[PDB]
Amino acid sequence: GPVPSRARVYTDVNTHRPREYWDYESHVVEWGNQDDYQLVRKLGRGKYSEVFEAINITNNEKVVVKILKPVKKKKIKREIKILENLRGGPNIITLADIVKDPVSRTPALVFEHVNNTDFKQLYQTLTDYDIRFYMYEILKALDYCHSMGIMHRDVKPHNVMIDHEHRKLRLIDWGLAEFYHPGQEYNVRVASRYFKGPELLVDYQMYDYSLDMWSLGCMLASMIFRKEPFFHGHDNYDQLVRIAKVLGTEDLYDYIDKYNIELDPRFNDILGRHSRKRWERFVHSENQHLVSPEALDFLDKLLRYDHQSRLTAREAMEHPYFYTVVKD
Ligand SMILES: COc1cc(C=O)ccc1O
């Protein structure tokens, strides 16, 4: 069988929390008044929710209302408990209220409003300094939720909401987030395709916070190289092949051999043999102003096959890449 794995940090955070903290199935939802909020316009519809701009008529403030699609009670409770646990943390989206939507008959989560610009437009005007600044802000959120025993599991540009005017950032959509428990096996069907860690792609279930760091690395690569997404696979199998064409196949085999993992035999005729590439390969005259030795080394230390070998969020915040970022 597979060799077991443990997070190298925050390993027993939940072990020593009171059970109320992580036992979300037993959580009792405290409901607000649904008539406090008025839907103004629909912003989007995902697989698990519909998102609306709204007004809180008790203060005439703009808010965001996320009306959950019918889904098993524990997943709904999971997201709620996680949001309440993390509320007030650095750059964590603030859950303001929970109400029962009369039409859907499901919980509607009320969030603080973030005046966002579309990431595709934003990622295209971001300066070298902007990228470092916002990366640092994401790291604050990730070290926080990891230190609080939670992995996000869906880090991607769409879930990093940025108000570029006030240089304000929020990590959103905690619907896939989970509590980390040492040696627990998790569903590998998480994260968006382009941001899936190698551990998910090789069906290794005993993963941890370090998954989020691979996803963050994918975001970084897309930003500094101006290629979104960076690893652009057509499906989950091609996704691993795309990664192997950059990181190389010999380190992939070292990875799966270390945890005594076996690849899907489906890869036998599509994976091939590939050398590890140097990151300078992806540098050109249209992105070189976003690239530095510090950037490439930081990226290199995020994008590792071995989840145990990736920088932790805290380690990442110590990296020379962030030396130029103004501290508060
Ligand atoms: C799609 O999930 C979310 C969306 C938003 C705002 O767009 C805020 C919090 C969320 O969890």
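We use all heavy atoms of the structure for the numbers below, so side chains are in, but hydrogens, waters and symmetry mates are not. Numbers here simply count residues along the sequence, with the first being 1. Both ligands and their constituent atoms are indexed starting at 1 by order of listing.
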* Less than 6.0 Å separating the ring centroids of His307 and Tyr259? -> yes
* **Charged N-O contact under 4.0 Å between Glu250 and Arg276** => no
* Starting from atom 7 (O) of ligand 1, locate the nearest protein heavy atom and write down its residue, its atom name and how far away it is, to 0.1 Å. => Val51 CG1, 3.9 Å
* Structure fact -> The protein heavy atom nearest to atom 4 (C) of ligand 1 is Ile172 CD1, 3.5 Å
* **Shortest protein contact, atom 6 (C) of ligand 1 (heavy atom only)** => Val64 CG1, 3.7 Å
* Asked: Is it true that atom NZ of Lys47 has more than 12 heavy atoms of other residues, nucleotides or ligands lying nearer than 6.0 Å?
  -> no
* Give the atoms of ligand 1, by number and element, whose distance to some non-hydrogen atom of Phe111 is under 4.0 Å. => 8 (C), 9 (C), 10 (C), 11 (O)
* Asked: Which residue supplies the protein heavy atom nearest to atom 2 (O) of ligand 1, what is that atom called, and how far is it?
  -> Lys66 NZ, 3.1 Å
* Asked: What protein heavy atom is closest to atom 10 (C) of ligand 1, reported as residue, atom name and distance in Å?
  -> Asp173 N, 3.4 Å
* To do: State the CG-CG distance between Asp306 and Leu252, to the nearest 0.5 angstrom.
  => 11.5 Å
* **Side-chain donor-acceptor pair present, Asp23, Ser26, cut-off under 3.5 Å** => yes
